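Engineer: Top line first, the protein sequences correspond to chains E and O. FYI, the numbering for the first sequence is 335 to 445, going by PDB author numbering. FYI, the numbering for the second sequence is 251 to 298, going by PDB author numbering. Ideal Cβ positions, reconstructed from N, Cα and C, are used throughout, including at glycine. Dropping the structure in here first, questions after.
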Amino acid sequence: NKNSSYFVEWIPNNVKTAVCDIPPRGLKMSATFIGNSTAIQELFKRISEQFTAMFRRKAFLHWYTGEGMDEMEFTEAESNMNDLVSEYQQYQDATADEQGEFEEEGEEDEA
Amino acid sequence: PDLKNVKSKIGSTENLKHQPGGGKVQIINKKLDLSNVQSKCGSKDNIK
């Protein structure tokens with residue numbers, strides 16, 4: 335309720351709880367978080383923009399093609415990462431939209 | 251002396267064809283069909 339705008343709004347109630355009775359050693363209580371933010375796209379943005387700057391120059395690339403990797407292997411990988419990143423944008427801030435397009439009225443003067 | 255021609259070896263000069271190129275993404279959405287559906291209780295016609 336305090337933070338609703340950091341949540342994908344077409345996935346209403348975003349939580350899974352589990353509660354074990356048995357604490358960490360010699361201590362009263364704890365909890366463990368596993369979160370799925372879209373903000374994770376910033377790390378794979380970085381690593382794709384970084385890769386791009388080594389790869390459009392053949393930096394370090396002799397060492398890995400030297401272990402037999404074809405240029406298609408790094409290009410499929412980068413493409414694959416880029417697709418994951420393009421998707422993460424398409425999950426981010428998204429609305430409950432239903433994929434319609436602009437339409438207009440006909441006529442009632444039948445022949 | 252004369253060198254006639256000489257050039258660098260090997261880097262960004264040998265990369266100038268391959269960008270690489272990008273792609274396109276799409277949703278990830280559907281509907282359901284409602285055209286079969288009627289209520290499953292139903293007494294009000296018994297007025298007949």
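State buried or exposed for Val419/E, treating a residue as buried only when at least 16 other CB atoms are found within 10 Å of its CB.
Structural biologist: buried
Engineer: By Cβ distance below 8 Å, which residues in the same chain neighbour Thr399/E in space, the five residues on each side in sequence not counted?
Structural biologist: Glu405
Engineer: For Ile381/E, does the three-state DSSP call read helix, strand or coil?
Structural biologist: helix
Engineer: Taking the alpha helix (DSSP H) that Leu253/O belongs to, which residues open and close that run?
Structural biologist: Looking at the DSSP string, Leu253/O is not in any alpha helix (DSSP H), and its letter there is neither H nor E.
Engineer: Which same chain residues, not among the five before or five after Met388/E, have their C-beta less than 8 Å away from its C-beta?
Structural biologist: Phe394 and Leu395
Engineer: List the endpoints of the continuous alpha helix (DSSP H) containing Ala411/E.
Structural biologist: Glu405 to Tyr425
Engineer: Could you tell me if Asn255/O is buried or exposed, where buried requires 16 or more neighbouring beta carbons within 10 angstroms of its beta carbon?
Structural biologist: exposed
Engineer: Who are the neighbours of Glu421/E on chain O, taking C-beta pairs under 8 Å?
Structural biologist: Taking a Cβ-Cβ cut-off of 8 Å, the neighbours of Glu421/E in chain O comprise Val275, given in sequence order.
Engineer: Of all the residues that make up the segment 363–385 of chain E, which are near chain O by a beta-carbon distance shorter than 9 Å?
Structural biologist: none
Engineer: Could you give the C-beta distance for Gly261/O and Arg391/E, rounded to a whole number, given that I count them as a contact under 8 Å?
Structural biologist: 6 Å
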